[PDB]
């Protein structure tokens, strides 16, 4: 294909294709030999060896000292201290067992997921497809099933895009740092003890083999691609060889061309291993506090404590999952949710209930989520996420709004995260302090009990503070409620209380983009709908200043502008910093 293994070549790949931006919600699952112990977390293979750890204590009490009863015994099978045979060995329901992958995929489809798939290989050295490059796989050992192909075929049967998650970099960058050294070269491959050049080649070879095997639409990657400092006390670069990373990107993007598919690869947003030119940034167990461009995603888990099933595990509420989805989508991201089957392949009913509830929401209110795009302001209200990876899911109430809009940019969806007891929704960013003219607001509708049904909202007034909307009769109960505001000729450009707005015409009219406090480079402004060379005026809010830069990303000649309206020379702006005074 046309891609070469260089940054410059692979940069030209379209990172986030339109189907992926339309999709919004996906589901994957950490299920593998690391689940076998059903203890602590998916890091059990690492921590069972850790000096003085609870996991080591548990392991020693249950199986044996890890120096004798090593991690590989979960894959190959061994008796525990009470004589019970232990092995990762799911058995299909069609064979009399408890593993029903078809039922799990139907549950996932029912949740509203538009992409789905397995962790194909975590940090633990176990490839879960029929692998020639890695003998540590579930066709050779355990269930004698190509689990990744089974999942992939079922995802395609059920008309979802296929995501495959790969975490095989940390395998040799410290995950197994406390495992005994071995001279068994097969066992070295499991435990990440091969020579580093061989491990770097194996990282690529695993990707190549997997992606030719199941042709994924998205390849999700974990950290240690190039994340120095993130691999704890292990002495190493916490990285994959740069050449092998580039070979992966070129190989996958070339296969995408060959297959006639727009493919996606993701990586952890703090990791430096790929570039946000051609790969999508993934925020782990969290997401930004602000609207971020370019398009990004969250991957979060149904449990706070683990990605993989453990005995006694507790789960987030449906409310937290739906409100968090709305938050990410409003901020220009997708949300990929991890679920956690037990070692025997059963999906616990508490998890099924969460997925069912998400699906009830999306099947009713999907118009406000699927196929939408972020507005320029993501939302309003007192309940907000902290921002960053490893932060708490959102749980909001009737005081909170999240915005989305249609592709035609003349419908604004106002999603309220609870039913207002006062029967009032006040939208601050559509009030007159926001300098919003509502002459073009043609209709306000409440989305009803099933998709495509609307209840007319007849009473509203625009105050200084807000567009004050009086609600019709409460529809069937739901985790959030959606107002649909339809405009003649496009949604108005709001003036943030603190922030700015930029325009394509010289007099603060025309195409516009509202900006919060923050830093907005050429990529941001372009994706928001206004190439910076087309900016011809800016309105800076009270208590705010804006600094215009000629450069792409806060370099070059700069000019500071205080509160008020200002004309801007065509082709003079590349990026903008909006700051509180």
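Residue numbers count along the first chain shown, from 1.
- The mean C-alpha temperature factor is higher for 228 to 236 when 228 to 236 and 346 to 354 are set side by side.
- Note on 161 to 169 vs 95 to 103: mean CA B-factor is higher in 95 to 103.
- The PDB entry assigns its highest CA temperature factor, among 112, 472, 286, 379, to 472.
- Set against one another, the Cα B-factors of 529, 26, 45, 32 in the record reach their highest point at 529.
- For residue 436, the recorded CA temperature factor ranks within the highest third of the chain's modelled residues.
- Among the modelled residues of its chain, residue 85 has a C-alpha B-factor that falls in the highest third, as given in the PDB entry.
- Residue-level temperature factors show residue 295 in the lowest third of its chain, judged at the C-alpha atom.
- Residue 409: CA B factor lies in the highest third for its chain, per the PDB record.
- Residue 199: CA B factor lies in the middle third for its chain, per the PDB record.
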